[PDB]
Amino acid sequence: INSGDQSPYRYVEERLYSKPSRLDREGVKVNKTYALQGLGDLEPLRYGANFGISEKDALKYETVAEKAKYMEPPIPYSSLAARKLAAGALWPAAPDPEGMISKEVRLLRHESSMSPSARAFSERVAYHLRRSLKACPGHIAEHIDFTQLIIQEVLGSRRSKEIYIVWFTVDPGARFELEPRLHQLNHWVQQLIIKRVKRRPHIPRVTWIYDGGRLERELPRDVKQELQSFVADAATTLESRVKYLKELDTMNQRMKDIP
Amino acid sequence: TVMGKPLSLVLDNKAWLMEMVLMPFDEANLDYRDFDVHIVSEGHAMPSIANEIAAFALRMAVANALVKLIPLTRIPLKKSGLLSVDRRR
Amino acid sequence: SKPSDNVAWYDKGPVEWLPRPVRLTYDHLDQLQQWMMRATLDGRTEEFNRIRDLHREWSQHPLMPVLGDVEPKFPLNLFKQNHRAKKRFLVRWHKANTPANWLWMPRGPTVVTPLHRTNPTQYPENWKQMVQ
Amino acid sequence: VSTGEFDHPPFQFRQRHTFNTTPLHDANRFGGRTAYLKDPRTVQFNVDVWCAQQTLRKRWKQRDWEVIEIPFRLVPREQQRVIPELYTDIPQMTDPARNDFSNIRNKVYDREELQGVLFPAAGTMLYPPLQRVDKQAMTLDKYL
Amino acid sequence: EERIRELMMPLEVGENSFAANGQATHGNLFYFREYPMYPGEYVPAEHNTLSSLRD
Amino acid sequence: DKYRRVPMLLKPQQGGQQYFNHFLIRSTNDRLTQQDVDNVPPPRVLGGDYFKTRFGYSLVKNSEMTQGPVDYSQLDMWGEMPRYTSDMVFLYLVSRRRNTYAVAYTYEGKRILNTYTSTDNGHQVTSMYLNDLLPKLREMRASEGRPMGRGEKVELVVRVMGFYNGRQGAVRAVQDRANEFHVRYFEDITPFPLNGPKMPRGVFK
Amino acid sequence: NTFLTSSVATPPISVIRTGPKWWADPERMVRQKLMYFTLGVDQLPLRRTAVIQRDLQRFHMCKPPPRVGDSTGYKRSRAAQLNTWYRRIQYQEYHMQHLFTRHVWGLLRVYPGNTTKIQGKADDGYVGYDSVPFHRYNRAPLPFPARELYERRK
Amino acid sequence: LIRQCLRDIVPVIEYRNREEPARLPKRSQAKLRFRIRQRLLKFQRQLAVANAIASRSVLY
Amino acid sequence: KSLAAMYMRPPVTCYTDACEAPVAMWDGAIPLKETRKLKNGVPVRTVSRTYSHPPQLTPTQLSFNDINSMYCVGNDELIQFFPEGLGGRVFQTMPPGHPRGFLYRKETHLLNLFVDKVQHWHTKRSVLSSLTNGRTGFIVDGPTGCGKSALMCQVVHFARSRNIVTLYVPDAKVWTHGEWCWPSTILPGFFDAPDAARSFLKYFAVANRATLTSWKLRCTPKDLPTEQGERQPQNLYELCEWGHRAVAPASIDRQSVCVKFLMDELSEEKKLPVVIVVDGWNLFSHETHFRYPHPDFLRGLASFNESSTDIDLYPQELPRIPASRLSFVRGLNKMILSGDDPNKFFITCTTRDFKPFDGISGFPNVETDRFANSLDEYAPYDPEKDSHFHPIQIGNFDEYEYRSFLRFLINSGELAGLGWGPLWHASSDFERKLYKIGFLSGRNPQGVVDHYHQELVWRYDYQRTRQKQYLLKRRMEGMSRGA
Amino acid sequence: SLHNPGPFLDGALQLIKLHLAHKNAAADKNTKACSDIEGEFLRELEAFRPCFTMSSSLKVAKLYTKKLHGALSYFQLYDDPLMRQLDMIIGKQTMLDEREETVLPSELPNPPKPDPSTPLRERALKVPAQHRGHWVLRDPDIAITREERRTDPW
Amino acid sequence: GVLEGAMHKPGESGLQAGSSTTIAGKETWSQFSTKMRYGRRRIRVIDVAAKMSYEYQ
RNA sequence: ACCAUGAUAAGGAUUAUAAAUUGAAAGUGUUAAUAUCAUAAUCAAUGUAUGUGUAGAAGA
Ligand SMILES: Nc1nc2c(ncn2[C@@H]2O[C@H](COP(=O)(O)OP(=O)(O)OP(=O)(O)O)[C@@H](O)[C@H]2O)c(=O)[nH]1
Ligand SMILES: [Mg+2]
């Protein structure tokens with residue numbers, strides 16, 4: 001495939017799974033985006049002929065409820081469906097387990113790199129986790145060796161969709177005794193969050209990060225911005241910003257010109 | 001012998017250069033002592049050719065000569081890439 | 001003189017950090033060969049023992065880093081087209097990170113090394129003590 | 001083949017004394033004779049003159065003989081021929097008939113062999129007769 | 001010597017053993033074939049198959 | 001690309017083609033050889049004197065005979081719990097976000113030394129506490145009537161609280177003094193929460 | 001030694017980025033191995049550097065495939081870990097080269113370049129006949145002639 | 001910080017001086033109207049900044 | 001496979017056995033075999049090294065069957081027999097802690113037997129005369145790095161272990177191509193090399209203390225100048241000590257007298273066999289690079305513009321002083337050409353360490369120059385015409401000697417702990433190394449040593465890569481079968 | 001938090017040492033020496049008054065206040081701003097058991113009781129004996145403070 | 001982390017980064033920059049006799 | 001000489017089912033901003049100091 005100003009992965013994603021791609025495949029004249037031709041048995045079964053349901057027909061319904069009301073059942077089986085069944089491609093192969101190992105991430109989010117709301121929620125979560133960690137369900141408590149566990153902090157995302165509990169052990173040899181038991185608690189932790197902290201942007205997904213002092217933090221937001229302003233190329237930045245202003249004023253003139 | 005002088009003297013007794021000249025024999029499962037060779041240079045003459053590009057050219061020449069002497073040697077040599085020509089200037 | 005960032009920092013280690021270019025020669029090797037021959041024929045082994053001590057102290061196998069521990073410690077992706085800024089940062093970073101501070105190199109009496117002899121006694125210079 | 005440097009380094013910028021580079025025109029490149037040094041052409045010409053000087057001095061130190069001009073009669077049979085001047089004919093073999101395939105121009109005669117024609121006036125052997133070892137005699141080498 | 005070193009020979013990245021061959025960055029870049037390439041190499045045919053065909 | 005001009009057979013530049021035939025033949029030979037061939041509890045201890053010399057504590061009671069006792073014996077309230085003997089020093093190391101405390105108690109609950117006060121904080125506090133405690137243990141045992149004995153290390157029960165960084169440093173500090181303090185039970189004291197008293201608003205909202 | 005001019009330091013990373021050009025130049029590595037062998041000590045860091053560079057040079061023309069992308073990132077983390085391990089072995093051998101070369105120069109009574117430290121002889125920078133008339137860093141007047149670090153007898 | 005404020009202001013004055021342009025002083029339709037409203041609401045601030053720069057209504 | 005912990009060191013008996021290193025270094029470089037014995041129980045296990053160091057034997061113990069075999073000499077014996085050193089490149093292979101190996105070639109055996117006869121020459125005089133064809137000794141010639149210096153070192157070893165007076169002259173360039181030349185104090189028209197002379201006197205005295213101490217000086221004035229407290233010399237050892245032990249510059253003029261009288265007395269002696277071994281006899285034969293001083297420095301001057309002398313204006317080239325005019329070489333030649341002295345045997349060798357020249361020559365860059373300490377002598381040399389000794393021609397190693405020498409080099413280096421060691425799997429096997437180094441060196445000895453060192457650099461050896469690949473695949477399929 | 005009472009202690013101790021040396025000089029009846037000591041005391045007071053105000057809210061400042069006030073009173077400086085600040089700080093300075101004793105398993109052999117006689121630290125919370133994490137947490141100098149409670153649970 | 005070039009000792013220059021590891025007698029680099037800004041506030045004197053008046057020329 | 005040149009950045013689809021070859025590549029196809037002198041009557045030019053540049057080379 002030919003990729004221009006975009007990655008080949010994203011290019012194929014757009015040309016396979018997309019509104020204009022699907023419309024062109026169903027046979028609707030669109031120009032800017034095109035579907036991939038002649039994929040044999042490789043095109044998604046959703047868009048194979050004699051399967052799924054026609055989007056050219058589905059354009060006729062203005063609402064999802066109306067589509068549900070008036071849209072006839074899909075054809076259960078097809079030739080491409082038989083090929084997918086023969087190849088075993090009716091359900092993707094299971095990837096390696098990620099719910100029983102820690103996140104070996106690149107950086108470690110800085111205390112100044114998170115919104116104040118996320119920061120607030122984080123210290124509350126850390127307080128309650130440290131207070132209640134011994135009152136975990138008995139069938140996990142009986143095997144967790146609390147003598148070794150340590151939790152440095154909890155970081156989480158902006159608006160706390162995700163929480164990252166940074167933990168390690170006194171002796172490094174205990175990480176592989178402690179990790180699975182710790183990952184068996186990610187539901188108990190969510191219930192603790194629901195029960196104890198009342199100002200939560202929303203109940204998050206819990207993820208454990210092992211950092212025995214090995215990982216390295218990020219730079220402060222202000223220091224990073226100062227470094228960027230200090231070393232950035234002034235000529236290119238000025239030209240780009242002037243072009244941006246030119247485009248903004250052009251759009252404003254178009255808006256004012258349309259009566 | 002390269003241009004009337006022993007290889008150890010032409011390539012200035014450099015192990016990493018003469019082993020390329022040896023490579024076509026080893027890849028072919030052959031004994032270098034069963035064959036005696038002479039390499040003549042038609043390129044830009046220089047006082048010393050003790051460099052990797054010259055060694056590459058010598059290895060390619062030896063490999064081609066071996067191929068034409070005994071055709072069945074062309075199997076391991078092409079697979080090893082001694083018959084392939086680099087295009088870099 | 002004009003102050004610069006070429007400070008040698010002689011305080012630490014046997015070699016001044018950001019060390020000056022050091023170039024060896026075959027004449028140096030010949031002089032070393034003659035010096036070693038004369039020392040071996042005169043029986044002086046104190047300098048050999050000191051050389052082995054330095055080799056043992058500074059020639060251990062570096063510890064395999066643990067995941068997450070990376071080599072630059074600084075993004076180095078922000079100096080976009082600022083090659084001189086990147087070069088100054090690299091000079092200063094490698095000047096700060098000194099061999100005395102090279103934690104990942106096991107060095108000191110706390111280390112055990114079955115590869116090299118530690119006590120100058122168990123060397124072939126002392127071979128009549130080994131004969132029961 | 002020679003491993004010594006023949007060309008002068010190019011000047012495209014000011015170099016420094018670094019790990020893999022040295023200052024241009026330092027007292028290390030051509031034996032310290034760069035202290036005399038502009039134009040790459042004239043600099044290369046001077047370096048060529050120095051290289052030719054080195055070639056000449058080693059070529060003359062390699063020379064251990066002398067070119068006494070001997071009359072035709074008092075001369076070995078191999079040199080009793082007509083010898084073309086240098087670069088006039090094919091490199092001449094001394095005598096293919098007697099299996100002596102060797103450049104006649106490079107032949108060197110031991111001085112203790114022409115005492116019969118050199119120094120004909122001195123009735124005493126200024127140079128004692130040359131001692132030649134016997135090949136057909138059991139010696140330490142031939143004993144095993 | 002070679003037959004003993006064959007069993008002493010390391011196979012994991014450890015102490016003085018390490019995959020500097022781009023296997024971590026590039027992966028398996030060296031081919032390795034279990035079949036004799038017809039004109040050059042030879043391995044005797046298996047006797048189970050020989051007997052099957054003869055029978 | 002920078003190396004677009006080099007051949008694909010030189011990109012990896014395969015080598016050693018002369019070994020493949022040998023490997024195939026050797027594999028077949030070893031398969032034939034295999035077909036032809038086809039056709040942890042701990043150590044043992046036996047002597048009582050040896051056990052005593054090896055472990056530093058005699059197994060046989062070797063004490064006064066209190067024979068002819070009652071025919072039924074009462075159990076301990078906590079049978080399964082570890083056997084804390086009289087001469088064990090119980091040191092508690094409590095960690096927090098900003099601070100770390102270390103105290104040491106006698107087998108009877110008597111405090112030996114006052115409290116002392118991140119990872120480095122805990123390490124230093126513990127090291128200083130141990131250094132100052134060893135002499136205090138000397139004097140307390142001497143007053144009791146127990147001489148140290150040359151090289152006899154104090155038997156220690158270390159108990160840690162707080163899921164904070166300082167725990168690693170404090171335990172490393174206790175470990176660094178192994179030659180004098182012999183840790184026999186390392187355990188945790190982080191309390192099980194209950195209804196408990198009210199908590200600050202900042203924790204909740 | 002005959003390189004007695006004031007010099008410029010270079011970070012070990014940029015020294016090692018040369019690789020086959022100068023850092024791992026085979027002739028230079030061979031004569032470093034010869035120095036170590038004559039001194040009578042094992043060339044283990046040197047051999048680690050040699051095999052590292054051989055295997056890297058064996059692939060330097062291969063472009064890595066575009067990574068599909070794994071959230072766990074264990075693959076990228078391991079790749080970086082091994083890269084940094086190799087870099088650290090090369091740093092160790094780099095430091096060893098300088099250390100033993102200065103030791104040998106001190107042994108053979110060879111004067112180093114300006115602002116070079118020899119542990120036994122000149123702890124601070126040795127400066128002899130520099131363009132700047134005073135110490136480059138200590139701001140003191142160097143004597144005429146340059147200080148003799150060693151004795152006079154040959 | 002000096003370079004940051006310079007890099008922030010100089011584009012405005014340079015555009016004003018050199019790059020300033022000349023001046024001469026039903027459900028589907030409803031959903032399209034909504035999408036246009038959405039884009040303009042998302043980019044309200046910088047469009048207002050551009051119009052203010054054009055109209056010279058900005059407090060330095 | 002971890003048979004290292006089960007390995008117990010053998011009993012140390014010699015310096016060679018003491019050269020052994022911790023098992024962690026040579027585990028795998030020298031794999032350990034296991035031998036089961038039935039001693040006081042059917043099962044036993046003795047983990048032993050497959051390879052052991054070559055034996056440390058004396059020249060007397062060396063035999064005919066040892067030809068093309070490697071032996072060793074203890075460090076103490078080395079220091080005893082070589083105070084002056086090991087001329088040439090022979091000590092290149094003997095760093096501190098390394099065994100001091102030595103090949104035993106056919107020429108080495110011939111020389112050992114000849115020295116055996118020299119030990120009692122007066123009875124074997126006819127045998128010696130027939131062996132040398134009547135010439136006063138042998139001169140060893142051959143290509144570069146061929147082993148002439150090693151053979152002379154072995155000859156000196158043989159003679160000094162048999163307790164005969166030996167005049168060993170390593171690196172005859174120290175004499176001919178010395179540092180500075182000085183006219184002889186007592187020999188008019190003859191020149192000296194005082195530094196080399198004093199060093200030679202020291203080393204000769206310490207080497208031959210026993211015989212020199214037992215010596216009695218016959219023709220030597222006993223009124224030699226002497227400082228307070230020093231006893232006048234009475235034996236040749238004390239003569240050498242008086243010559244070389246003195247304060248500068250008083251040693252410069254004393255060494256000339258000492259060497260002149262030592263040469264005179266050695267020429268006089270007619271009973272003790274004296275073996276004279278010199279490395280590079282061509283240097284003593286043709287010339288020394290020193291030139292005669294310009295006569296202006298001798299005549300004397302009043303003012304410079306007066307005589308219009310150009311000594312400081314233009315350099316010149318005075319005739320080179322021939323090596324015959326030195327006092328040491330004068331004694332040697334006096335003893336050589338003058339008959340009636342069947343008591344001194346000259347086992348000399350030539351040298352070929354000259355700088356290379358092949359038609360053109362630039363300037364060798366200082367940092368990368370393996371001929372930096374080579375000799376500026378491009379003139380040819382023919383031993384038969386340029387010397388009175390019987391010439392012996394040596395060539396490069398034949399496959400037998402080459403295999404033995406490379407086996408010793410590699411295996412003993414790794415055993416002593418200076419080779420690949422734990423990284424043995426990074427290097428090919430001994431057969432591949434032998435084949436490749438033979439190709440690269442032509443079985444030349446010096447080339448073999450150089451390429452043994454350069455083997456660190458080989459980049460086109462895929463044997464270990466393919467071996468690891470095959471063994472990993474075999475193990476993986478075995479585990480998959482087991483599952 | 002990388003704050004060192006080094007220089008503040010160094011300044012204060014000099015003031016106290018001069019304060020003592022002044023009594024000693026007056027007892028020796030050396031008028032010139034005591035006048036010089038008084039002059040130097042004023043000189044050092046002027047340079048010390050800024051270190052005091054910057055560090056007046058530190059623990060180390062809380063303990064030398066009365067001794068420094070005694071020094072100033074001995075020197076008879078009663079209108080000094082530092083005297084007034086010392087007066088203010090000194091003025092501010094001057095102004096649940098369980099039904100049945102039970103022992104947790106984590107305090108098995110003999111629970112360590114901080115005998116009720118000893119008073120717990122100034123800023124600390126006296127919690128019920130039932131809702132104690134552990135008797136060590138009710139230890140007097142380990143007792144949770146209010147601000148420490150706001151941050152960590154136990 | 002690495003505290004070998006973190007702080008600036010007043011004695012040394014700004015580019016001559018100090019090798020000292022102590023903390024007490026050091027000022028941070030932001031403070032060094034502020035001090036240099038507050039210190040470089042003087043003009044080199046303008047030569048009066050060196051250059052002649054434009055009207056004179 | 002007052003013509004309607006033209007540079008500048010921006011849009012894109014097509015092609016490996018081979019393990020051969022010294023080499024497994026090139027064809028193909030888009031919006032703005034900027035710019036446009038020539039059918040006419042001439043004329044010798046302590047306390048202390050950091051640059052851009054130039055030459056070689058988060059797919060909200
Ligand atoms: N141990 C040992 N080494 C040998 C022997 N023969 C040659 N060599 C090696 O060869 C190297 C060079 O020494 P020689 O071959 O004797 O040198 P040469 O014969 O004087 O020839 P030139 O170098 O031209 O003067 C030495 O470093 C030895 O290690 C031998 O018989 N035994
Ligand atoms: Mg020699």
# chains A, B, ... in the order shown; residues from 1 in each chain; ligands from 1
call {"tool": "interface_residues", "arguments": {"of": "chain K", "to": "chain G", "cutoff": "12 Å", "atoms": "only C-alpha atoms", "output": "list in words"}}
result
residues 12, 13, 15, 16, 17 and 18 of chain K
call {"tool": "residues_near_ligand", "arguments": {"ligand": "ligand 2", "cutoff": "10 Å", "atoms": "only C-alpha atoms (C1' of nucleotides) and all ligand atoms", "output": "ChimeraX atom specification"}}
result
/I:86-90,144-152,170-172,279-280,349-353,446
call {"tool": "interface_residues", "arguments": {"of": "chain I", "to": "chain B", "cutoff": "7 Å", "atoms": "only C-alpha atoms", "output": "list in words"}}
result
residues 440, 451, 454, 457, 458, 459 and 460 of chain I
call {"tool": "residues_around", "arguments": {"residues": "segment 111-119 of chain A", "least_positions_apart": "6", "cutoff": "7 Å", "atoms": "only C-alpha atoms (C1' of nucleotides)", "output": "list in words"}}
result
residues 156, 157, 158, 159, 160, 220 and 221 of chain A
call {"tool": "interface_residues", "arguments": {"of": "chain C", "to": "chain K", "cutoff": "10 Å", "atoms": "only C-alpha atoms", "output": "PDB file with N, CA, C and O atoms, in the first residue's frame"}}
result
ATOM      1  N   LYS C   2      39.543  31.977  29.151  1.00  0.00           N
ATOM      2  CA  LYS C   2      38.099  31.967  28.988  1.00  0.00           C
ATOM      3  C   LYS C   2      37.516  30.734  29.672  1.00  0.00           C
ATOM      4  O   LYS C   2      37.890  29.606  29.321  1.00  0.00           O
ATOM      5  N   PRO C   3      36.616  30.893  30.643  1.00  0.00           N
ATOM      6  CA  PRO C   3      35.988  29.716  31.252  1.00  0.00           C
ATOM      7  C   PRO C   3      35.232  28.891  30.222  1.00  0.00           C
ATOM      8  O   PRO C   3      34.584  29.429  29.320  1.00  0.00           O
ATOM      9  N   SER C   4      35.320  27.570  30.367  1.00  0.00           N
ATOM     10  CA  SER C   4      34.704  26.635  29.436  1.00  0.00           C
ATOM     11  C   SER C   4      34.146  25.455  30.219  1.00  0.00           C
ATOM     12  O   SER C   4      34.230  25.401  31.449  1.00  0.00           O
ATOM     13  N   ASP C   5      33.557  24.506  29.496  1.00  0.00           N
ATOM     14  CA  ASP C   5      33.001  23.300  30.091  1.00  0.00           C
ATOM     15  C   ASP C   5      33.923  22.095  29.937  1.00  0.00           C
ATOM     16  O   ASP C   5      33.466  20.955  30.076  1.00  0.00           O
ATOM     17  N   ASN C   6      35.205  22.321  29.648  1.00  0.00           N
ATOM     18  CA  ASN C   6      36.178  21.251  29.468  1.00  0.00           C
ATOM     19  C   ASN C   6      36.883  20.885  30.771  1.00  0.00           C
ATOM     20  O   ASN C   6      37.994  20.345  30.744  1.00  0.00           O
ATOM     21  N   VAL C   7      36.255  21.164  31.913  1.00  0.00           N
ATOM     22  CA  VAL C   7      36.889  20.893  33.199  1.00  0.00           C
ATOM     23  C   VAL C   7      37.207  19.408  33.296  1.00  0.00           C
ATOM     24  O   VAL C   7      36.385  18.554  32.937  1.00  0.00           O
ATOM     25  N   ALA C   8      38.409  19.094  33.782  1.00  0.00           N
ATOM     26  CA  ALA C   8      38.854  17.706  33.813  1.00  0.00           C
ATOM     27  C   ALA C   8      38.314  16.972  35.034  1.00  0.00           C
ATOM     28  O   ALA C   8      38.108  15.754  34.994  1.00  0.00           O
ATOM     29  N   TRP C   9      38.084  17.694  36.131  1.00  0.00           N
ATOM     30  CA  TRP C   9      37.597  17.082  37.363  1.00  0.00           C
ATOM     31  C   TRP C   9      38.559  16.001  37.842  1.00  0.00           C
ATOM     32  O   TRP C   9      38.209  14.817  37.872  1.00  0.00           O
ATOM     33  N   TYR C  10      39.774  16.398  38.212  1.00  0.00           N
ATOM     34  CA  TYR C  10      40.814  15.469  38.635  1.00  0.00           C
ATOM     35  C   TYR C  10      40.542  14.837  39.994  1.00  0.00           C
ATOM     36  O   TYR C  10      41.245  13.898  40.375  1.00  0.00           O
ATOM     37  N   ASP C  11      39.542  15.326  40.730  1.00  0.00           N
ATOM     38  CA  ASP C  11      39.365  14.911  42.119  1.00  0.00           C
ATOM     39  C   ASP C  11      39.119  13.412  42.233  1.00  0.00           C
ATOM     40  O   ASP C  11      39.491  12.784  43.231  1.00  0.00           O
ATOM     41  N   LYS C  12      38.496  12.818  41.220  1.00  0.00           N
ATOM     42  CA  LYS C  12      37.878  11.507  41.357  1.00  0.00           C
ATOM     43  C   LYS C  12      38.449  10.513  40.353  1.00  0.00           C
ATOM     44  O   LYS C  12      38.582  10.824  39.164  1.00  0.00           O
ATOM     45  N   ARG C  92      27.731  17.634  29.576  1.00  0.00           N
ATOM     46  CA  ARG C  92      27.505  17.817  31.006  1.00  0.00           C
ATOM     47  C   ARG C  92      26.991  16.551  31.683  1.00  0.00           C
ATOM     48  O   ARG C  92      27.401  16.248  32.808  1.00  0.00           O
ATOM     49  N   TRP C  93      26.097  15.809  31.031  1.00  0.00           N
ATOM     50  CA  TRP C  93      25.560  14.595  31.635  1.00  0.00           C
ATOM     51  C   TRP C  93      26.649  13.552  31.838  1.00  0.00           C
ATOM     52  O   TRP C  93      26.747  12.950  32.915  1.00  0.00           O
ATOM     53  N   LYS C  95      29.784  14.177  32.047  1.00  0.00           N
ATOM     54  CA  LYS C  95      30.726  14.719  33.016  1.00  0.00           C
ATOM     55  C   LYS C  95      30.236  14.501  34.441  1.00  0.00           C
ATOM     56  O   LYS C  95      31.032  14.187  35.334  1.00  0.00           O
ATOM     57  N   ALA C  96      28.933  14.664  34.671  1.00  0.00           N
ATOM     58  CA  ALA C  96      28.373  14.388  35.989  1.00  0.00           C
ATOM     59  C   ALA C  96      28.426  12.903  36.321  1.00  0.00           C
ATOM     60  O   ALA C  96      28.834  12.530  37.427  1.00  0.00           O
ATOM     61  N   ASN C  97      28.027  12.043  35.382  1.00  0.00           N
ATOM     62  CA  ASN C  97      28.044  10.595  35.595  1.00  0.00           C
ATOM     63  C   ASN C  97      29.486  10.108  35.481  1.00  0.00           C
ATOM     64  O   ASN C  97      30.025   9.887  34.395  1.00  0.00           O
ATOM     65  N   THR C  98      30.114   9.942  36.640  1.00  0.00           N
ATOM     66  CA  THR C  98      31.524   9.606  36.700  1.00  0.00           C
ATOM     67  C   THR C  98      31.711   8.121  37.011  1.00  0.00           C
ATOM     68  O   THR C  98      30.807   7.468  37.536  1.00  0.00           O
ATOM     69  N   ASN C 101      30.818   7.099  40.261  1.00  0.00           N
ATOM     70  CA  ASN C 101      29.372   7.080  40.438  1.00  0.00           C
ATOM     71  C   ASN C 101      28.711   5.972  39.622  1.00  0.00           C
ATOM     72  O   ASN C 101      27.496   5.783  39.694  1.00  0.00           O
TER      73      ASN C 101
END
call {"tool": "residues_around", "arguments": {"residues": "residue 197 of chain F", "least_positions_apart": "4", "cutoff": "12 Å", "atoms": "only C-alpha atoms (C1' of nucleotides)", "output": "list in words"}}
result
residues 193 of chain F; 96, 125, 126, 127, 128, 129, 130, 131, 132, 133, 149 and 153 of chain J
call {"tool": "interface_residues", "arguments": {"of": "chain D", "to": "chain C", "cutoff": "9 Å", "atoms": "only C-alpha atoms", "output": "compact mmCIF listing (two decimals) with N, CA, C and O atoms, in the first residue's frame"}}
result
# COMPACT_ATOMS: atom_id res chain seq x y z
N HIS D 17 42.23 18.93 18.40
CA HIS D 17 42.91 17.74 18.92
C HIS D 17 41.88 16.94 19.71
O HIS D 17 41.59 17.23 20.87
N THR D 18 41.33 15.92 19.07
CA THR D 18 40.27 15.10 19.64
C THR D 18 40.68 13.63 19.60
O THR D 18 41.82 13.28 19.26
N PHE D 19 39.74 12.75 19.95
CA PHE D 19 40.03 11.33 20.02
C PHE D 19 40.41 10.77 18.66
O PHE D 19 41.38 10.01 18.53
N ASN D 20 39.67 11.13 17.61
CA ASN D 20 39.86 10.57 16.28
C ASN D 20 40.39 11.60 15.28
O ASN D 20 40.47 11.32 14.09
call {"tool": "interface_residues", "arguments": {"of": "chain F", "to": "chain L", "cutoff": "12 Å", "atoms": "only C-alpha atoms (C1' of nucleotides)", "output": "PyMOL selection string"}}
result
chain F and resi 4-10
call {"tool": "write_last_selection", "arguments": {"atoms": "C-alpha atoms", "output": "CSV table (one decimal), in the first residue's frame"}}
result
chain,number,residue,atom,x,y,z
F,4,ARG,CA,18.5,0.5,-0.4
F,5,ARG,CA,21.3,-0.3,-2.7
F,6,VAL,CA,22.7,-3.4,-1.0
F,7,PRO,CA,21.3,-6.8,-1.9
F,8,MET,CA,18.8,-8.6,0.2
F,9,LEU,CA,21.2,-11.6,0.4
F,10,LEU,CA,23.7,-9.2,2.0
call {"tool": "interface_residues", "arguments": {"of": "chain D", "to": "chain I", "cutoff": "7 Å", "atoms": "only C-alpha atoms", "output": "PyMOL selection string"}}
result
chain D and resi 1-6+29-30+51+54-55+61-64+132-133+139-141
call {"tool": "select_by_dssp", "arguments": {"residues": "chain D", "states": "helix (DSSP H, G or I)", "output": "number ranges by chain"}}
result
D: 33-36, 40-61, 77-79, 104-106, 111-113
call {"tool": "atom_distance", "arguments": {"atom1": "atom CA of residue 247 of chain I", "atom2": "atom CA of residue 213 of chain I"}}
result
23.1 Å
call {"tool": "residues_around", "arguments": {"residues": "residue 54 of chain B", "least_positions_apart": "3", "cutoff": "12 Å", "atoms": "only C-alpha atoms (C1' of nucleotides)", "output": "list in words"}}
result
residues 2, 10, 11, 17, 18, 20, 21, 39, 41, 42, 43, 44, 45, 46, 48, 49, 50, 51, 57, 58, 59, 60 and 61 of chain B
call {"tool": "select_by_dssp", "arguments": {"residues": "segment 67-98 of chain F", "states": "strand (DSSP E or B)", "output": "list in words"}}
result
residues 89, 90, 91, 92, 93, 94 and 95 of chain F
